[PDB]
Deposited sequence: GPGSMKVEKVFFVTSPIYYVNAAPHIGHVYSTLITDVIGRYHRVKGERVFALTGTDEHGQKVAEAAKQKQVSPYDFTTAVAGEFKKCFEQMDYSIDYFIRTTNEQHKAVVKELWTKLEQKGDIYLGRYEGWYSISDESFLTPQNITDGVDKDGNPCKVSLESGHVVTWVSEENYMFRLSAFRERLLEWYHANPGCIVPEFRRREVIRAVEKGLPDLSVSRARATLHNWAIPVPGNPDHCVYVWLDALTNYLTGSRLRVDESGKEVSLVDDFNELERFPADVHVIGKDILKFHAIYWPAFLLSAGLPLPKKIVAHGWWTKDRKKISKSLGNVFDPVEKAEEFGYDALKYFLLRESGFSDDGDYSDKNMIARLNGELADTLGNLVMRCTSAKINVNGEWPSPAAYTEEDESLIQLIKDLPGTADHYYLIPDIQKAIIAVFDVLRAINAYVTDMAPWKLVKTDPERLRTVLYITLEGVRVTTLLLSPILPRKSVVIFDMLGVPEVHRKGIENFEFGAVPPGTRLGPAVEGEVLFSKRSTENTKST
């Protein structure tokens, strides 16, 4: 089905200021978004803020400000952070938005009409910080900020409290068999694979019904009212998860403001998400509750949920981007960690990767193929006959787009970067063997062949890196003199798409692409 590629970040709680966790989650969302745009697809990338609930209201009360003022302020800090980080997200949703609330009520009403919401009790543990219901097996003894002996979440270590409320209850237990069918029928729907296995084990163990409302006093009245029962408010997670549906139904203008909410999601061709990006801490909500809601409502299910190794919720990313470069930082975060949390975030290692990979591997190579010394005519030369060594490198360059594409689609952005850099290392090796600096005098016919391959290797690697390094890719292409039309589209993944005779861009006397730093 030709649709709009719909990729989401989670919507972030506004109890605290934006931080690296949020920036990472939204970076992954953004990169996926960018890759599909580079592929020539229609894209709708979504991010935003999760503004209702007990936690946000209590954080606003601690600041001695009204929940409305506080959410608006913090949402502003989030918006500004994401502008600073130079993302290309299509819309920023807020759960306080009136159109969002409409969609929630509409969804609630469907679930109710379907017979899947009933009036019952929740008597059990709850983590206000996680906004999560927990069984007694998921808690242990612990300490709080008054040093007192309390109970805490095994998940997150935050304080838990016993709740005993009459609550609207969603019949999650009825969806165990259908969820298991879904997981088994769609074995790539949860990535990475060990998290897919974790979800399945949990659903196999059995599912309780889920409390989807709370008494309004418990939430300090800071929530969406239940349709036809103002004594109750809608659970912040049903509220929150529904942002993805709301987002898929908003017409947005050129400045990024929502102008209209369509009735039927099919009108905008976004729903359901192709990729939900989340942290590992909210997997249950996205892989169990969310599909169960959609199943109840007869709505289509997402294609993939990708759960990274970090938590959704010092090291300030805007500070480090100003210190080391924006694209460089993004590169580092995406390169340094896969789905394991174990990975070394340190000035030592940021500099190791900056110098080793960005400067010495990529940057070095860009300068070699464009310098006046080696590229004497300042153009893409026409190649002479290819040796078997030439062919071996060409093969790597030809194969790379297909390999990188599979990685980007999993999605595993670390592996995609690695694949591209393997080819970059190969090109450096090739350039070392051929010694094109010697060939300017010794054999100019041979240099044409060597230079051309080098240029084309640089173009193709750069094109596949352009979702990771959106600014630097533009600079590289300007130096190489790659016309705008050749900077995107699957057609331009092909070897040879830029014809010989293309002139390089002008240089400037101070130009480095990535400046190395002191160790």
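In this chain, the deposited residues that lack C-alpha positions fall in the ranges 1-6, 320-330, 537-542.
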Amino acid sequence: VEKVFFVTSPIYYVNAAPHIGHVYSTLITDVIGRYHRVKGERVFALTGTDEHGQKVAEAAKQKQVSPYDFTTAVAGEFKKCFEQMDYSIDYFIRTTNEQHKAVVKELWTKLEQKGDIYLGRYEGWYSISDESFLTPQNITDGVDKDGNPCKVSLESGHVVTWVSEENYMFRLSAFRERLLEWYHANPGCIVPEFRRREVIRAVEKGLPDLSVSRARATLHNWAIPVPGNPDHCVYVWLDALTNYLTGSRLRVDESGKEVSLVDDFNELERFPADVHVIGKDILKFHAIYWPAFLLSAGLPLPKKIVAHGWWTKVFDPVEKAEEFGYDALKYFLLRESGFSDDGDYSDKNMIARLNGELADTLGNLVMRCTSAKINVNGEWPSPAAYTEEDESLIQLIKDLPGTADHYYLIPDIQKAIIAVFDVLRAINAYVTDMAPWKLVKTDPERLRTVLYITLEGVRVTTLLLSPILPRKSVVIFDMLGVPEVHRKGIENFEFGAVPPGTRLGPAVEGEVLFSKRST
From here on, numbers count along this sequence of modelled residues.
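Definition used throughout: the rigid core is the maximal C-alpha set that superposes within 1.5 Å between two forms.
Across the superposed structures in 9 other deposited structures of this protein, aligned by the core, the stretch whose Cα atoms lie more distant on average is 343-351, chosen from 421-429 and 343-351.
Here the rigid core sets the fit, and in 9 other deposited structures of this protein the C-alphas of 143-151 stray farther than those of the other stretch, out of 327-335 and 143-151. As recorded in the PDB entry, 316-324 is the stretch of 392-400 and 316-324 with the greater mean C-alpha temperature factor. Higher mean CA temperature factor, per the PDB entry, when comparing 213-221 with 243-251: 213-221. When the C-alpha B-factors of 23, 498, 504, 11 are ranked from the entry, the top spot goes to 504. Take 338, 411, 227, 120 and read off each C-alpha B-factor from the entry; 338 has the highest. In the PDB entry, a CA B factor belonging to the lowest third of its chain's modelled residues is recorded for residue 35.
In the PDB entry, a CA B factor belonging to the middle third of its chain's modelled residues is recorded for residue 453. Among the modelled residues of the chain, residue 311 sits in the highest third by CA temperature factor in this PDB entry. Ranked by Cα temperature factor within the chain, residue 236 sits in the lowest third according to the deposited record.
In the deposited entry, the Cα temperature factor of residue 84 sits in the top third of values across the chain's modelled residues.
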